[PDB]
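Below: the structure, in C-alpha cells.
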Amino acid sequence: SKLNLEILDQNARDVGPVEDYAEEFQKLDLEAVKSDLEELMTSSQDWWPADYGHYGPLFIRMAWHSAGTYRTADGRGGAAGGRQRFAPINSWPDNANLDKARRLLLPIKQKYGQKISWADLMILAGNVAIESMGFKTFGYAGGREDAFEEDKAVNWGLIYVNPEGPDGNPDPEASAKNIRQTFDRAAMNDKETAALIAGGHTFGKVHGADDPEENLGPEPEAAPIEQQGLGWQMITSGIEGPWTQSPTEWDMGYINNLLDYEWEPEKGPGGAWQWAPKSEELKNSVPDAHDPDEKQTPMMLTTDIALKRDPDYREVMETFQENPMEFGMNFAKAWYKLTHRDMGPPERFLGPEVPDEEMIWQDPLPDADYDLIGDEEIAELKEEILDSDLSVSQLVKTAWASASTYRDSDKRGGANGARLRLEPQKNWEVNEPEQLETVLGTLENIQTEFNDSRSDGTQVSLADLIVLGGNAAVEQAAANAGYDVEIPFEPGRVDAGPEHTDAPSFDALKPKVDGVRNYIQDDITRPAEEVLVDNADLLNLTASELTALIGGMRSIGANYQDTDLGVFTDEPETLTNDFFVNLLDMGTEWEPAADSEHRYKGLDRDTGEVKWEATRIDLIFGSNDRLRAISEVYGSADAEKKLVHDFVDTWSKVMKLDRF
Amino acid sequence: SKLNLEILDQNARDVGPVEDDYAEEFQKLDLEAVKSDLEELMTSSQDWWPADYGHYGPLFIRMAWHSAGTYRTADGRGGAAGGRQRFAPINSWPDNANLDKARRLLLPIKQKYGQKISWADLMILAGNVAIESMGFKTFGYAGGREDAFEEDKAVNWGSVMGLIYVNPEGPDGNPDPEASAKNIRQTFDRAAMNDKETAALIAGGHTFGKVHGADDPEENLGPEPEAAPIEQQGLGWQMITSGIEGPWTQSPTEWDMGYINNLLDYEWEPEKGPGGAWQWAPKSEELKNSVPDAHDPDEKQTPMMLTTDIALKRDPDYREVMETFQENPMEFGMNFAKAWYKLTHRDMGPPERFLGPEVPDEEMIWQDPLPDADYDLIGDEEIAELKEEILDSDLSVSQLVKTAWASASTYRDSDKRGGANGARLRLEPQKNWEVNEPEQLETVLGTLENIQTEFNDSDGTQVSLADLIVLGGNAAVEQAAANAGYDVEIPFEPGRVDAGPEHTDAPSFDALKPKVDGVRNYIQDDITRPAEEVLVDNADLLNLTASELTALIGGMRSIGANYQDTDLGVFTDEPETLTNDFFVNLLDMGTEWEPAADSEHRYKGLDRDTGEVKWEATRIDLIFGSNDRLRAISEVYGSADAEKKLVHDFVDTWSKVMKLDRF
Ligand code: HEM
Ligand code: HEM
C-alpha cells in the first residue's frame, strides 16, 4: 500500500528524445499523407497479407481501438498520446495483431517524421481507410502530442465487452446491458452506440481460422526479442468471418443481414461462439478474404445480435435501415467524436479539415468583444478586490475552485470560461454553494463598476477577476509574512454561457477529494492520499510541487467549511512554512480521532492536550518517506522564502493550466 | 521480465525541490558549531526513545555504520553517500529496526542548519561525534555527500534479505561460531575489507552499546516504518530491536579494551535469550552483574556476546588478529580508526570530493588519488596541433573511438570511481582485461605515447596520455561526422593527469570490469542476466537516460567500434561514417530477424524474400527494436528528417561521458 508517487514523478520531465508539435504539424502537407495512405491501403505487404486486398477495415479497428479506451471519469485512456503503442494496452488480447496494423504505418511515419505523430497518424489511417470505401468523414484535426511511455496512473483487457456474450454466454439479451453501460461511461448514448457498432462492422471480418489458445504465440510484451515488437505469431479473436457481403464498401450490408435474416447460436472454427443464418440464401454469399476461388458465409456476433434484440437498440436500427442518410449522419458524427473527444477545445484542433461547426463536447469559448485590460487597470482592479469585504481565504478558495478542474488527460476544465458560476459547478458540495454565491456576487459588482467606468471600450471578464483576486490574495499573505512577491498574470480569459456548456458532462470533474481545501467525501473507497496524488497528476504536479502547494495553503487557511484541519499556524492568511515546522515537531504526537471519519488529533507528547487537528492529506506529508524528505527541506530554518517562491510558482502555474 | 527502464528515467530529472551545488553550501557550514550541537545531543534523552546509559552515542554509531554498511563493490551502489537509509525498502529492513528513532533524533540539527548539511553527511558526523565524546579520536571526517530524495531503483537486494552483513545468531539460525566466521569473511570481502579491518570494525563497534531484546520481536513489535499506520509519521516497530539482550562491555559508553578482554579472557556458553534469540553468556560468575542496567542505579546486567562475536575467537585467523589487538591497544585503535574512516567515505570518490576542515592531509589508496599536473596546460593552439598529429597516425577511427571509450567507460556515478582521467587504462588490471583486447590496445597506446614523447620533448608545457586517449576519440568522432557531411566541433577540457601504479590498488579495479559492454558489443559467456538488462544497468552508472543510451549505441554502430571488430549490429555499408543508419536499417521490415542456430549471443537478420543474411547482431542491438519504449526512440532517429539530430545527440552523449569524472 505505498503511494504510487512515480506518476507525479512523470511530470518533472518528459521522457523521449524531444527537447511545439502544433508548429511542426502546421508544416505538414496533410493532403500528401492522405495520398500515401490511400496508396498504402491496396498496397499489400506479404508478411501480413491484406484482406480482400484492402487494409482499410483493419486500420479502422486500429483507430477505433486507439480511442475506445477513453474514460470520462479521469479523461485518461483514449488516443491523445498514441499510447496504444505501449504495454500493457499494446498487448491487450482485444488488440491482437494490431501490432501489424501499426507496423504498416511505419514507412509513412518515417517519411514525415516529426510532422505527424503516431497519435494523429493512427486516427488519419482510420479516416482515410473509410473515405476511400464509399464514405467521407465529418472532419479531422491533428494536435495529438506523441507520448513516449504508458500512463502509470491508469487503473485498467477489453475495449468494452466480450463478443461471445457476458462470461462467454450467447445471451444477447444480456450482453446489451454490458454494451449499454460501457458506452455510457464512454459518453456515447444509445443512438451513438448502434451507429458506431454498425458503422464499424459494415467493414471487414473477424479472425478465428483456428483456436488461439493453442495457435497463437506470446502477446507483444512476452514475445521473443527476434520478433522486433510484434507478437501473436489467420487468427485474432478466435471467431471467423465477415459481416457484409461487400466487406470493403460503405453500405447497408450489416444492418441488412442483421435485420432481414434470422440467426442461430453456433460454435465457430476457433472454439468461440458466433452466429449464422438458419436461412440458406446467404450461404457462400461473400468472397473469401484470400483464396480467390473461394466463397464464404457471413457471420454475426452476440454483440451484433444484441442490437437486434434489445427493445431500444432494435428501433434505432429499424430507423437507420428505413433511412440511410441518418445512418451515415449519426455515424459520421459519432466517429469524429469518438476520435477527437480527448484533445480539448477548438484552440487545439489543427489543420485544414477541422469542421467550421464547434462541438458541445469541445466546451468552446466565446470571443472577447472588447480590449483586454492593461497593467494600469490590473493594479487598479487588484487594489479594489483586496478592499472588498472578501478575505484572503475567500479569494484564494474561489481562485482554486475555478482552476482546480483542469485535468490534463483530456484538457477539459480550468479557470478560463469561468464555468464555476454555472451548472453544475455553482452547486457542488465542495464548492460551498451559498458561500460561492457571495464571492461571485461581490466580484461581479467590480466588473460592473470597472466596465461602466471606462470611456475606451476596455473590459474585464469575471473569469479574469476570479483569478486576479486570487493572485492578489496570495500576494497579500506573502506580504503579511515579510515577502514582496509579484505573481505573473495573464488577462484574456472569457466568461462562457450555459448555452455553450454541456453541464451533465461536467459532472465527471467533481472532485471526491481536494487537498488545498482538505475536503474528503464520505463515500471514497481509495485512501485519501491516493486520490490526492491521482489529482495531483491531473494538474501535472510533481511530489515537490504538490508538497509546497498544500503546505503553503495550510499557512493561509482556505478549507472546506473553514475548518482548522492542517492549519498548523496561529497566524492564518499569512504565508509561511509553519505547516512543516509544526508537522515535523516531535513535541507533538498523532492519533486517530474516535467517532470520526477523517479526523486525527495532534496532542502534546507531555501534557497530552489537543494542539492540532488534521486529516490523512495533512498527515501524509509526514508519513510517506519521500514526501517527508521534501517536508524536511521546507521545515528547515532557512526554507521559508524558498517555500513562498515555490508556492507562488506552483499556484501561478495551476492558475494557467488551460491557457492552451 | 520487462526491461526496467525506470532506472534510467531517474537520470533525466532530479526529484525533490532542489534546483540543479551542495559543495558551495557545505563550504558554508560551521562544522564545529554542528559538532558542538551533536555533542550536547549525545546526552539529552528524549522520552519517546530514552538514551541507554543516558548517552545516545552507540545508537548513533550503529546508525552510521548501517548507512554505510550496505555498500557493494560489485557496482558501487548502496553506501552512505545519498543518505538512502532514509527511504524504503532499506529503512524497513528488520536489521535497521529502531534506527527510525536515531535518525529522528537528529531532526532538529538537520532543520537548524538545513541546506548546509545533507542527511547523509550528518548521519556519518553523528557517528564521528558519538565516538569522540566517548574517549576516542577519529582519523578524520569529510562532507560532500549529496542527499538523495528516493530509493536507488537500480539495486538488486538479492548474506540474508535485509541484513546489513550476517545473521547475528549464526548461519541459518544455528550457534555455529566457526561457520559464522566464514560468512563474516566473505561478506566483508565483497565490501573491500580484510581480516584486520573486519576484526577492527566489529571489535570497536561492539566496544560500545548493547543489543536490545527484552521480549521476542516476532510479536511485540509493530510493523516496520513502511507498513505502519499514518499516525506514526514514519516511525515503526512499536525495548526490543534485534531480539537479543545484553551489553558487551562493563563501560558501554567508554572506549577501552572491554570487548576484547571480555571475549578473550572468559569462557562463553551459547543459550537462548529473553527475546528468543541465540546469545552467549559467560560460565564464570565474575562477570555476572558487572554492568549497570541500560536505564538504572539499583541494578546490574551480565554481559553477553553474539555468535558473530565468538566467531572472531573461534576462527584461528581472526583469533590471531584478536590476540594482536588485546596485546597492543594502539594497534587495534588505528586499524579501527582507519577502517571506520574508509567505511564511511569509501564511496565519496577521489580526493577533490572530500570537503571541510577535518579532511586528513593523507589520502588513502582506496580513494584512487590523482597526482598533480606539475607543468603548464595545453591551449587551443597545441590542442588542434596534436589533434592533427593523432589523425595523421595510422590509427583508425575505430581505434581512437574504441580506446577512448575503454578509458572513460569505467566510471560509475554510484561510488565516483573509475573514468578516464589517469590513464588507468594503461595500468593493471585494465590493460589486461579481455574486453579491452590487450594486444590490440597496446598498439594504440604505442602511437599515443610517442606523440606524447614527441610533443613534450620538443615553455614547461606538457600533455598527459590520459588527455590524448580522449583527444584522439574526440577527433575520431569529429571525423565520422565529417564523413556524413556534418561539421561538429567537440568541446575538449584539457587537464586530466596520468596516475601511476602507486596511486592504484590494482585488485580493487576488478570491480569495474564490465560483463556486457554495449558500445563495443561485448558479452561474457558467464552472465545469467539477459544481456540487455546488464546493458541498462551499466547505462545507469553513466547517468544516461533511455534516449542518450539509444543515441549512443546507434550512432556507435554506424562507426563500428566493436570488440574484435565484429560486424554485430553494424547496419551500414559506410563504416566510420556517423549516421542514423542503425535505425533506418534496424526498423526496415524488409529484414527479418531470428536466432543464429547453435550460437549463444548471435542473431541473423534476413531478407524476408531471398532469405539472404543482410546483417548479424546481439540482443544489444536488437533491443532498441523490441522493447516498446526504446523502439519509440529508435523510430524518432530513424525518421527521414532526423539524421542531423542523432548526430548531435550522439556527440552530446559522447562528450558527457568523456567528461563524467571531471570533478
Ligand atoms: C461492443 C463493441 C464492439 C465489439 C464487442 C466489437 C467486437 C469486435 C471483434 C471481436 C472483432 C474481431 C477482430 C478480429 O478477429 O479480426 C471486431 C472487428 C472489427 N471491429 Fe468491432 N467491435 C465493437 C465495436 C466496434 C466499433 C465502435 C468499431 C468502429 C466504429 C468497430 C470496428 C471493427 C472493424 C472494422 C472490425 C474488423 C477488422 C478487420 O476487418 O480485420 N467495432 N469487432
Ligand atoms: C559482523 C558484523 C556485525 C554484526 C552481525 C553486528 C551485530 C549487531 C546486533 C545484532 C546488534 C543489536 C542491535 C540491537 O538489538 O539494538 C548490534 C548493535 C550494535 N552494533 Fe553491530 N554488528 C556488526 C558489526 C558492527 C560494526 C562493524 C560496527 C561499527 C563499526 C557495529 C556497531 C554496533 C553498535 C554500536 C551497536 C549497539 C548500538 C546501541 O547500543 O544502541 N557493529 N550489532
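A note on names: the letters A, B, ... follow the listed sequences, proteins ahead of strands, and every chain is numbered from 1. Below, all heavy atoms of this structure are taken into account, side chains as well, without hydrogens, waters or symmetry copies. Just so you know, ligand 1 is whichever comes first in the structure, and atom 1 is the first atom listed for that ligand.
- The shortest N/O to N/O separation between A/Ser237 and ligand 1 falls below 3.5 Å.
- Residue contacts with ligand 2, taken as heavy atom pairs separated by less than 4.0 Å, involve B/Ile184 solely via side-chain atoms from C-beta onward.
- For a threshold of 3.5 Å applied to N or O pairs, the pair formed by B/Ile202 and ligand 2 contains no separation below that value.
- A side-chain N or O of B/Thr307 and one of B/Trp280 form a donor-acceptor pair less than 3.5 Å apart.
- Which parts of ligand 2 touch B/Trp340 is read off a 4.0 Å heavy-atom cut-off, strictly below it: atoms 29 (C), 30 (C).
- Comparing B/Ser159, B/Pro58, B/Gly57 against atom 38 (C) of ligand 2, the shortest heavy-atom distance belongs to B/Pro58.
- Between A/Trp48 and A/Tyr55, a ring centre-to-centre spacing not shorter than 6.0 Å is recorded.
- Both the backbone and the side chain of A/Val206 come within 4.0 Å of ligand 1, judged by heavy-atom distances.
- Inclusion of A/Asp94 in the set of residues having an N or O under 3.5 Å from an N or O of ligand 1 is not warranted.
- The shortest N/O to N/O separation between B/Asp52 and ligand 2 does not fall below 3.5 Å.
- One option in A/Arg61, A/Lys205, A/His54 has a heavy atom closer to atom 39 (C) of ligand 1 than any other, and that option is A/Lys205.
- Residue A/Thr303 has no N or O atom closer than 3.5 Å to an N or O atom of ligand 1.
- Not a single heavy atom of B/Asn167 sits less than 4.0 Å from an atom of ligand 2.
- Checked by atom type, the side-chain pair A/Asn127/A/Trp335 shows a donor-acceptor distance below 3.5 Å.
- Ranking the protein heavy atoms by distance from atom 8 (C) of ligand 1 puts A/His201 NE2, 3.9 Å first.
- With values rounded to the nearest 0.5 angstrom, B/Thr198 atom OG1 is found 8.0 Å from B/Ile184 atom CD1.
- For atom 41 (O) of ligand 1, the closest non-hydrogen atom of the protein is A/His207 CE1, 3.2 Å.
- Two rings, from B/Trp255 and B/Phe332, have their centers less than 6.0 Å apart.
- Less than 4.0 angstrom separates some heavy atom of B/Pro168 from each of these atoms of ligand 2: 10 (C).
- Scanning A/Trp243, A/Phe331, A/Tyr52 for the heavy atom closest to atom 18 (C) of ligand 1 points to A/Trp243.
- Ligand 2 lies nowhere less than 4.0 angstrom from a heavy atom belonging to B/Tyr56.
- Aromatic rings of A/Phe320 and A/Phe331 (six-membered ring for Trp) have centroids beyond the 6.0 Å cut-off, not under it.
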